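In the authors' numbering, the protein residues as written are 3 to 169.
Here a beta-carbon is modelled for each residue, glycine too, at the ideal position from N, C-alpha and C.
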Ligand SMILES: O=C(O)CCc1nc2ccccc2[nH]1
């Protein structure tokens, strides 16, 4: 049993809810929250800007030190950093940004990072301002992630479309 409430079960391991990932993290304090990161860990907007704002910019301060030491992530890659006030850990995952021309095939590689964690609270990778089709992102998630993933979908309209079109 775990703390996640109000989710619709899509598969053995994938659950979905209409919710702002920030408010969900604040309530649940999951072991792992996933950030929709870029390779520079510049948390300006979208999910990343919202998570970072909720940490009072502590996520950005920690991320800048990580990049100064290690250099940029790979598209499809990840790093584990603090979850600050939102979670034990934040798994920063870089999905391909369609609005930058990145290979959508890298979306599967991005979701593979989730398999290193038994349970996660996450957004749909490469959705929102990253430009991918969220229906596609959900299909890749279900076909790639084998650990237990609780997906928070910000837009109520999109949530209803994801559920009603799910195969
Ligand atoms: O007002 C805020 O602090 C952020 C609101 C918000 N919540 C989000 C969740 C996901 C993506 C962008 C988001 N923007």
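Pick out whichever of the options has its Cα sitting closest to the Cα of residue i.
| i | options | result |
| --- | --- | --- |
| residue 155 | 147, 167, 140 and 169 | 140 |
| residue 30 | 17, 12 and 4 | 4 |
| residue 63 | 45, 78, 49 and 104 | 45 |
| residue 120 | 32, 83 and 104 | 32 |
| residue 61 | 85, 151 and 11 | 85 |
| residue 78 | 10, 71 and 107 | 107 |
Pull up the DSSP beta-bridge partners for residue i, would you.
| i | result |
| --- | --- |
| residue 38 | 95 |
| residue 11 | 17 |
| residue 154 | 19 |
| residue 121 | 150 |
Tell me which residues share the same chain as residue i and place their Cβ nearer than 6 Å to its Cβ, disregarding the 5 neighbours each side in the sequence.
| i | result |
| --- | --- |
| residue 42 | 74 |
| residue 144 | 13 and 16 |
| residue 36 | 93, 95, 122 and 124 |
| residue 65 | 43 |
| residue 1 | Any property of residue 1 remains undetermined from this structure, which presents the chain solely from 3 to 169. |
Output needed for residue i: all residues of its chain with C-beta closer than 7 Å, excluding positions within five of it in sequence on either side, in chain order.
| i | result |
| --- | --- |
| residue 160 | 136 |
| residue 133 | 99, 100 and 101 |
| residue 81 | 68, 75 and 94 |
| residue 117 | 147, 148 and 149 |
| residue 109 | 97, 98, 127, 128, 134, 139 and 142 |
| residue 114 | 146 |
| residue 26 | 123 and 154 |
Please indicate yes or no: does the CB of residue i lie closer than 7 Å to some heavy atom of ligand 1?
| i | result |
| --- | --- |
| residue 130 | yes |
| residue 24 | yes |
| residue 48 | yes |
| residue 6 | no |
| residue 27 | no |
| residue 55 | yes |
| residue 52 | yes |
| residue 156 | yes |
Please work out which residues of its chain come closer than 8 Å, Cβ to Cβ, to residue i, disregarding the five sequence neighbours upstream and downstream, and give them in chain order.
| i | result |
| --- | --- |
| residue 28 | 56, 87 and 88 |
| residue 48 | 38, 130, 131 and 132 |
| residue 22 | 52, 154 and 156 |
At 4 residues or longer, what runs of the alpha helix (DSSP H) sit wholly inside the segment 56-111?
Entirely contained in the segment 56-111, the alpha helix (DSSP H) runs reaching 4 residues are, in chain order, 60-72.
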